[PDB]
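This is upload_36.pdb (PDB, N, CA, C and O atoms).
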```pdb
MODEL        1
ATOM      1  N   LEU J   1     118.664 -20.159  29.764  1.00  0.00           N
ATOM      2  CA  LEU J   1     120.080 -20.568  29.573  1.00  0.00           C
ATOM      3  C   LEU J   1     120.779 -20.782  30.911  1.00  0.00           C
ATOM      4  O   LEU J   1     121.411 -19.872  31.446  1.00  0.00           O
ATOM      5  N   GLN J   2     120.659 -21.992  31.447  1.00  0.00           N
ATOM      6  CA  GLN J   2     121.280 -22.327  32.724  1.00  0.00           C
ATOM      7  C   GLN J   2     122.363 -23.385  32.538  1.00  0.00           C
ATOM      8  O   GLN J   2     122.128 -24.426  31.926  1.00  0.00           O
ATOM      9  N   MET J   3     123.551 -23.109  33.075  1.00  0.00           N
ATOM     10  CA  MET J   3     124.680 -24.038  32.974  1.00  0.00           C
ATOM     11  C   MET J   3     125.313 -24.024  31.586  1.00  0.00           C
ATOM     12  O   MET J   3     126.297 -24.722  31.341  1.00  0.00           O
ATOM     13  N   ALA J   4     124.747 -23.237  30.685  1.00  0.00           N
ATOM     14  CA  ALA J   4     125.257 -23.135  29.327  1.00  0.00           C
ATOM     15  C   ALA J   4     126.655 -22.524  29.308  1.00  0.00           C
ATOM     16  O   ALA J   4     126.839 -21.372  28.917  1.00  0.00           O
ATOM     17  N   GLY J   5     127.638 -23.307  29.740  1.00  0.00           N
ATOM     18  CA  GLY J   5     129.011 -22.836  29.772  1.00  0.00           C
ATOM     19  C   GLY J   5     129.792 -23.416  30.936  1.00  0.00           C
ATOM     20  O   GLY J   5     130.591 -22.720  31.563  1.00  0.00           O
ATOM     21  N   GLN J   6     129.567 -24.698  31.219  1.00  0.00           N
ATOM     22  CA  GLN J   6     130.250 -25.384  32.307  1.00  0.00           C
ATOM     23  C   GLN J   6     129.596 -26.732  32.572  1.00  0.00           C
ATOM     24  O   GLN J   6     128.901 -26.921  33.570  1.00  0.00           O
ATOM     25  N   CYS J   7     129.826 -27.657  31.655  1.00  0.00           N
ATOM     26  CA  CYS J   7     129.267 -29.002  31.757  1.00  0.00           C
ATOM     27  C   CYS J   7     130.362 -30.029  31.996  1.00  0.00           C
ATOM     28  O   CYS J   7     131.464 -29.911  31.459  1.00  0.00           O
ATOM     29  N   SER J   8     130.052 -31.048  32.791  1.00  0.00           N
ATOM     30  CA  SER J   8     131.014 -32.104  33.069  1.00  0.00           C
ATOM     31  C   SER J   8     131.455 -32.742  31.764  1.00  0.00           C
ATOM     32  O   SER J   8     130.751 -32.674  30.759  1.00  0.00           O
ATOM     33  N   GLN J   9     132.628 -33.344  31.769  1.00  0.00           N
ATOM     34  CA  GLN J   9     133.149 -33.965  30.568  1.00  0.00           C
ATOM     35  C   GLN J   9     132.163 -34.957  29.975  1.00  0.00           C
ATOM     36  O   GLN J   9     131.697 -35.878  30.645  1.00  0.00           O
ATOM     37  N   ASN J  10     131.852 -34.739  28.707  1.00  0.00           N
ATOM     38  CA  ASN J  10     130.922 -35.582  27.982  1.00  0.00           C
ATOM     39  C   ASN J  10     129.536 -35.524  28.596  1.00  0.00           C
ATOM     40  O   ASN J  10     128.769 -36.484  28.519  1.00  0.00           O
ATOM     41  N   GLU J  11     129.209 -34.384  29.188  1.00  0.00           N
ATOM     42  CA  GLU J  11     127.885 -34.217  29.782  1.00  0.00           C
ATOM     43  C   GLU J  11     126.909 -33.705  28.745  1.00  0.00           C
ATOM     44  O   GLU J  11     127.278 -32.921  27.871  1.00  0.00           O
ATOM     45  N   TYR J  12     125.657 -34.158  28.830  1.00  0.00           N
ATOM     46  CA  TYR J  12     124.653 -33.728  27.852  1.00  0.00           C
ATOM     47  C   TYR J  12     123.515 -32.960  28.507  1.00  0.00           C
ATOM     48  O   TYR J  12     122.827 -33.468  29.389  1.00  0.00           O
ATOM     49  N   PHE J  13     123.332 -31.725  28.051  1.00  0.00           N
ATOM     50  CA  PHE J  13     122.287 -30.846  28.565  1.00  0.00           C
ATOM     51  C   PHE J  13     120.930 -31.213  27.985  1.00  0.00           C
ATOM     52  O   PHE J  13     120.537 -30.707  26.934  1.00  0.00           O
ATOM     53  N   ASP J  14     120.205 -32.079  28.681  1.00  0.00           N
ATOM     54  CA  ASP J  14     118.882 -32.487  28.228  1.00  0.00           C
ATOM     55  C   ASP J  14     117.939 -31.298  28.252  1.00  0.00           C
ATOM     56  O   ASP J  14     117.432 -30.924  29.303  1.00  0.00           O
ATOM     57  N   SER J  15     117.708 -30.701  27.088  1.00  0.00           N
ATOM     58  CA  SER J  15     116.823 -29.548  26.988  1.00  0.00           C
ATOM     59  C   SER J  15     115.496 -29.816  27.691  1.00  0.00           C
ATOM     60  O   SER J  15     114.804 -28.887  28.106  1.00  0.00           O
ATOM     61  N   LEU J  16     115.154 -31.092  27.833  1.00  0.00           N
ATOM     62  CA  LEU J  16     113.918 -31.474  28.501  1.00  0.00           C
ATOM     63  C   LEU J  16     114.110 -31.484  30.015  1.00  0.00           C
ATOM     64  O   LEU J  16     113.160 -31.296  30.773  1.00  0.00           O
ATOM     65  N   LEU J  17     115.348 -31.710  30.444  1.00  0.00           N
ATOM     66  CA  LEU J  17     115.678 -31.753  31.860  1.00  0.00           C
ATOM     67  C   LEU J  17     116.326 -30.451  32.327  1.00  0.00           C
ATOM     68  O   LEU J  17     116.304 -30.134  33.517  1.00  0.00           O
ATOM     69  N   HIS J  18     116.925 -29.708  31.397  1.00  0.00           N
ATOM     70  CA  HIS J  18     117.596 -28.461  31.741  1.00  0.00           C
ATOM     71  C   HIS J  18     118.741 -28.746  32.699  1.00  0.00           C
ATOM     72  O   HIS J  18     118.852 -28.139  33.765  1.00  0.00           O
ATOM     73  N   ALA J  19     119.578 -29.691  32.310  1.00  0.00           N
ATOM     74  CA  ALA J  19     120.709 -30.097  33.114  1.00  0.00           C
ATOM     75  C   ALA J  19     121.638 -30.993  32.332  1.00  0.00           C
ATOM     76  O   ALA J  19     121.215 -31.993  31.754  1.00  0.00           O
ATOM     77  N   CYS J  20     122.905 -30.657  32.350  1.00  0.00           N
ATOM     78  CA  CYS J  20     123.886 -31.478  31.679  1.00  0.00           C
ATOM     79  C   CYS J  20     124.021 -32.791  32.433  1.00  0.00           C
ATOM     80  O   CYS J  20     124.527 -32.839  33.555  1.00  0.00           O
ATOM     81  N   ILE J  21     123.537 -33.846  31.811  1.00  0.00           N
ATOM     82  CA  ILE J  21     123.559 -35.171  32.390  1.00  0.00           C
ATOM     83  C   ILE J  21     124.697 -35.991  31.796  1.00  0.00           C
ATOM     84  O   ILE J  21     125.022 -35.834  30.623  1.00  0.00           O
ATOM     85  N   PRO J  22     125.330 -36.879  32.576  1.00  0.00           N
ATOM     86  CA  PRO J  22     126.424 -37.695  32.075  1.00  0.00           C
ATOM     87  C   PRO J  22     125.929 -38.897  31.270  1.00  0.00           C
ATOM     88  O   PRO J  22     124.861 -39.445  31.543  1.00  0.00           O
ATOM     89  N   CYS J  23     126.715 -39.294  30.271  1.00  0.00           N
ATOM     90  CA  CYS J  23     126.361 -40.427  29.408  1.00  0.00           C
ATOM     91  C   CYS J  23     126.057 -41.681  30.227  1.00  0.00           C
ATOM     92  O   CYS J  23     125.133 -42.427  29.911  1.00  0.00           O
ATOM     93  N   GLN J  24     126.856 -41.914  31.269  1.00  0.00           N
ATOM     94  CA  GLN J  24     126.691 -43.088  32.138  1.00  0.00           C
ATOM     95  C   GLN J  24     125.220 -43.401  32.398  1.00  0.00           C
ATOM     96  O   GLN J  24     124.783 -44.546  32.284  1.00  0.00           O
ATOM     97  N   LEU J  25     124.477 -42.373  32.766  1.00  0.00           N
ATOM     98  CA  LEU J  25     123.054 -42.511  33.072  1.00  0.00           C
ATOM     99  C   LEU J  25     122.288 -43.184  31.933  1.00  0.00           C
ATOM    100  O   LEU J  25     121.218 -43.753  32.151  1.00  0.00           O
ATOM    101  N   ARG J  26     122.828 -43.110  30.723  1.00  0.00           N
ATOM    102  CA  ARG J  26     122.175 -43.708  29.560  1.00  0.00           C
ATOM    103  C   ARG J  26     123.054 -44.744  28.872  1.00  0.00           C
ATOM    104  O   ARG J  26     122.655 -45.355  27.879  1.00  0.00           O
ATOM    105  N   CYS J  27     124.242 -44.932  29.400  1.00  0.00           N
ATOM    106  CA  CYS J  27     125.189 -45.891  28.840  1.00  0.00           C
ATOM    107  C   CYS J  27     124.859 -47.315  29.279  1.00  0.00           C
ATOM    108  O   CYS J  27     124.835 -48.237  28.463  1.00  0.00           O
ATOM    109  N   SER J  28     124.632 -47.495  30.579  1.00  0.00           N
ATOM    110  CA  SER J  28     124.338 -48.797  31.132  1.00  0.00           C
ATOM    111  C   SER J  28     122.910 -49.260  30.855  1.00  0.00           C
ATOM    112  O   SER J  28     122.500 -50.325  31.316  1.00  0.00           O
ATOM    113  N   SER J  29     122.156 -48.468  30.111  1.00  0.00           N
ATOM    114  CA  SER J  29     120.785 -48.817  29.790  1.00  0.00           C
ATOM    115  C   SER J  29     120.164 -47.840  28.803  1.00  0.00           C
ATOM    116  O   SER J  29     120.512 -46.661  28.762  1.00  0.00           O
ATOM    117  N   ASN J  30     119.234 -48.359  28.012  1.00  0.00           N
ATOM    118  CA  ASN J  30     118.526 -47.570  27.002  1.00  0.00           C
ATOM    119  C   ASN J  30     119.405 -47.315  25.775  1.00  0.00           C
ATOM    120  O   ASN J  30     118.913 -46.915  24.720  1.00  0.00           O
ATOM    121  N   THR J  31     120.706 -47.554  25.935  1.00  0.00           N
ATOM    122  CA  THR J  31     121.696 -47.368  24.871  1.00  0.00           C
ATOM    123  C   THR J  31     121.327 -46.256  23.881  1.00  0.00           C
ATOM    124  O   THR J  31     121.300 -46.483  22.671  1.00  0.00           O
ATOM    125  N   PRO J  32     121.040 -45.034  24.373  1.00  0.00           N
ATOM    126  CA  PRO J  32     120.683 -43.900  23.545  1.00  0.00           C
ATOM    127  C   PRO J  32     121.781 -42.825  23.461  1.00  0.00           C
ATOM    128  O   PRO J  32     121.470 -41.647  23.284  1.00  0.00           O
ATOM    129  N   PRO J  33     123.077 -43.189  23.598  1.00  0.00           N
ATOM    130  CA  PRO J  33     124.168 -42.214  23.546  1.00  0.00           C
ATOM    131  C   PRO J  33     124.614 -41.887  22.133  1.00  0.00           C
ATOM    132  O   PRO J  33     125.591 -42.444  21.639  1.00  0.00           O
ATOM    133  N   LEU J  34     123.911 -40.967  21.488  1.00  0.00           N
ATOM    134  CA  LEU J  34     124.286 -40.573  20.132  1.00  0.00           C
ATOM    135  C   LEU J  34     125.577 -39.758  20.170  1.00  0.00           C
ATOM    136  O   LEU J  34     126.534 -40.078  19.466  1.00  0.00           O
ATOM    137  N   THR J  35     125.625 -38.734  21.022  1.00  0.00           N
ATOM    138  CA  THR J  35     126.825 -37.934  21.162  1.00  0.00           C
ATOM    139  C   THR J  35     127.742 -38.556  22.216  1.00  0.00           C
ATOM    140  O   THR J  35     128.793 -38.004  22.540  1.00  0.00           O
ATOM    141  N   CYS J  36     127.333 -39.714  22.753  1.00  0.00           N
ATOM    142  CA  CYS J  36     128.119 -40.401  23.768  1.00  0.00           C
ATOM    143  C   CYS J  36     128.500 -41.815  23.328  1.00  0.00           C
ATOM    144  O   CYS J  36     129.231 -42.510  24.029  1.00  0.00           O
ATOM    145  N   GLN J  37     127.992 -42.245  22.173  1.00  0.00           N
ATOM    146  CA  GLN J  37     128.278 -43.583  21.657  1.00  0.00           C
ATOM    147  C   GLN J  37     129.764 -43.903  21.741  1.00  0.00           C
ATOM    148  O   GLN J  37     130.154 -45.060  21.894  1.00  0.00           O
ATOM    149  N   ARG J  38     130.585 -42.870  21.650  1.00  0.00           N
ATOM    150  CA  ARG J  38     132.026 -43.031  21.724  1.00  0.00           C
ATOM    151  C   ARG J  38     132.458 -43.156  23.183  1.00  0.00           C
ATOM    152  O   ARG J  38     133.362 -43.922  23.515  1.00  0.00           O
ATOM    153  N   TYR J  39     131.799 -42.393  24.049  1.00  0.00           N
ATOM    154  CA  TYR J  39     132.103 -42.398  25.470  1.00  0.00           C
ATOM    155  C   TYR J  39     131.536 -43.628  26.165  1.00  0.00           C
ATOM    156  O   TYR J  39     132.189 -44.217  27.026  1.00  0.00           O
ATOM    157  N   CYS J  40     130.322 -44.016  25.795  1.00  0.00           N
ATOM    158  CA  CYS J  40     129.691 -45.184  26.403  1.00  0.00           C
ATOM    159  C   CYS J  40     130.552 -46.419  26.191  1.00  0.00           C
ATOM    160  O   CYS J  40     130.745 -47.217  27.108  1.00  0.00           O
ATOM    161  N   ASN J  41     131.086 -46.567  24.983  1.00  0.00           N
ATOM    162  CA  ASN J  41     131.941 -47.698  24.674  1.00  0.00           C
ATOM    163  C   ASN J  41     133.293 -47.546  25.364  1.00  0.00           C
ATOM    164  O   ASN J  41     134.057 -48.503  25.483  1.00  0.00           O
ATOM    165  N   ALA J  42     133.564 -46.337  25.833  1.00  0.00           N
ATOM    166  CA  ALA J  42     134.804 -46.046  26.536  1.00  0.00           C
ATOM    167  C   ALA J  42     134.517 -45.678  27.984  1.00  0.00           C
ATOM    168  O   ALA J  42     135.282 -44.958  28.624  1.00  0.00           O
ATOM    169  N   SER J  43     133.401 -46.188  28.486  1.00  0.00           N
ATOM    170  CA  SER J  43     132.982 -45.938  29.855  1.00  0.00           C
ATOM    171  C   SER J  43     132.522 -47.227  30.535  1.00  0.00           C
ATOM    172  O   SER J  43     132.563 -47.337  31.761  1.00  0.00           O
ATOM    173  N   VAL J  44     132.090 -48.203  29.738  1.00  0.00           N
ATOM    174  CA  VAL J  44     131.633 -49.476  30.273  1.00  0.00           C
ATOM    175  C   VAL J  44     132.126 -50.637  29.418  1.00  0.00           C
ATOM    176  O   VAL J  44     131.335 -51.445  28.930  1.00  0.00           O
ATOM    177  N   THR J  45     133.445 -50.691  29.232  1.00  0.00           N
ATOM    178  CA  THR J  45     134.097 -51.714  28.438  1.00  0.00           C
ATOM    179  C   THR J  45     133.332 -53.038  28.443  1.00  0.00           C
ATOM    180  O   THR J  45     132.714 -53.406  29.442  1.00  0.00           O
ATOM    181  N   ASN J  46     133.386 -53.753  27.324  1.00  0.00           N
ATOM    182  CA  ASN J  46     132.704 -55.035  27.203  1.00  0.00           C
ATOM    183  C   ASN J  46     133.108 -55.748  25.917  1.00  0.00           C
ATOM    184  O   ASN J  46     133.811 -55.187  25.077  1.00  0.00           O
ATOM    185  N   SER J  47     132.658 -56.991  25.772  1.00  0.00           N
ATOM    186  CA  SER J  47     132.968 -57.789  24.589  1.00  0.00           C
ATOM    187  C   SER J  47     134.452 -58.141  24.540  1.00  0.00           C
ATOM    188  O   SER J  47     135.297 -57.368  24.994  1.00  0.00           O
ATOM    189  N   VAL J  48     134.754 -59.323  24.004  1.00  0.00           N
ATOM    190  CA  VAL J  48     136.117 -59.815  23.893  1.00  0.00           C
ATOM    191  C   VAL J  48     136.848 -59.722  25.214  1.00  0.00           C
ATOM    192  O   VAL J  48     137.437 -58.700  25.564  1.00  0.00           O
ATOM    193  N   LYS J  49     136.795 -60.820  25.929  1.00  0.00           N
ATOM    194  CA  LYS J  49     137.442 -60.937  27.232  1.00  0.00           C
ATOM    195  C   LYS J  49     136.807 -59.994  28.249  1.00  0.00           C
ATOM    196  O   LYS J  49     136.176 -59.001  27.881  1.00  0.00           O
ATOM    197  N   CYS J  50     136.981 -60.308  29.528  1.00  0.00           N
ATOM    198  CA  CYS J  50     136.429 -59.491  30.601  1.00  0.00           C
ATOM    199  C   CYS J  50     137.341 -59.511  31.824  1.00  0.00           C
ATOM    200  O   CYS J  50     137.290 -60.443  32.627  1.00  0.00           O
TER     201      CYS J  50
ENDMDL
END
```
Could I get this structure in the form of structure tokens?
Amino acid sequence: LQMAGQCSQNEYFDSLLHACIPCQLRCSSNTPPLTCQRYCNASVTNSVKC
């Protein structure tokens, strides 16, 4: 149990990595933000005008 109680906003603790990682790292690619799907769309605006 490391960092379990102090993660950056919308950070995800990859049990495989043992580190709260930010959605960004997976927002701009791989589009795998299940708990970040809301943040990714609110982190890298797109569609309808630019």
Non-local contacts of residue 13 (chain J) (8 Å; only N, CA, C and O atoms; under 5 positions in same chain excluded) as a list in words = residues 2, 3, 7, 8, 18, 19, 20, 21 and 22 of chain J
message = Just want the 8 Å neighbourhood of residue 35 (chain J), counted on all atoms listed in the file, with same-chain residues fewer than 3 positions away dropped. Output as an NGL selection string.
response = :J and (10-12 or 23 or 32 or 38-40)
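A straight line drawn from atom N of residue 44 (chain J) to atom O of residue 14 (chain J) is 22.7 Å long.
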query = Quick one: DSSP helix (DSSP H, G or I) residues in chain J, as a ChimeraX atom specification?
reply = /J:24-27,37-40
ask   = How many Å separate atom O of residue 17 (chain J) from atom C of residue 45 (chain J)?
value =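 That distance, rounded to one decimal, is 29.0 Å.
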request  = Provide the atom N of residue 31 (chain J) to atom C of residue 1 (chain J) distance in Å, to one decimal place.
outcome  = 27.2 Å
What box, with edges along x, y and z, holds each listed atom of region 5-19 of chain J when 8 Å is added on every side, and can you state its centre and edge lengths in Å to one decimal, as lines of an AutoDock Vina configuration file?
```
center_x = 123.2
center_y = -29.6
center_z = 30.3
size_x = 36.0
size_y = 29.8
size_z = 22.8
```
Which of chain J DSSP labels strand (DSSP E), written as a compact mmCIF listing (two decimals) with N, CA, C and O atoms, in the frame of the given file:
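Writing done, so here's states_29.txt:
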```txt
# COMPACT_ATOMS: atom_id res chain seq x y z
N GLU J 11 129.21 -34.38 29.19
CA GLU J 11 127.88 -34.22 29.78
C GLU J 11 126.91 -33.70 28.74
O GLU J 11 127.28 -32.92 27.87
N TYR J 12 125.66 -34.16 28.83
CA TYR J 12 124.65 -33.73 27.85
C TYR J 12 123.52 -32.96 28.51
O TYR J 12 122.83 -33.47 29.39
N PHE J 13 123.33 -31.72 28.05
CA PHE J 13 122.29 -30.85 28.56
C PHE J 13 120.93 -31.21 27.98
O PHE J 13 120.54 -30.71 26.93
N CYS J 20 122.90 -30.66 32.35
CA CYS J 20 123.89 -31.48 31.68
C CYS J 20 124.02 -32.79 32.43
O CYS J 20 124.53 -32.84 33.56
N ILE J 21 123.54 -33.85 31.81
CA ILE J 21 123.56 -35.17 32.39
C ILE J 21 124.70 -35.99 31.80
O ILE J 21 125.02 -35.83 30.62
N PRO J 22 125.33 -36.88 32.58
CA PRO J 22 126.42 -37.70 32.08
C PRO J 22 125.93 -38.90 31.27
O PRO J 22 124.86 -39.44 31.54
```
ask   = Which residue out of J:4, J:27, J:15, J:9 has the minimum interatomic distance to residue 41 (chain J) when all atoms listed in the file are used?
value = J:27
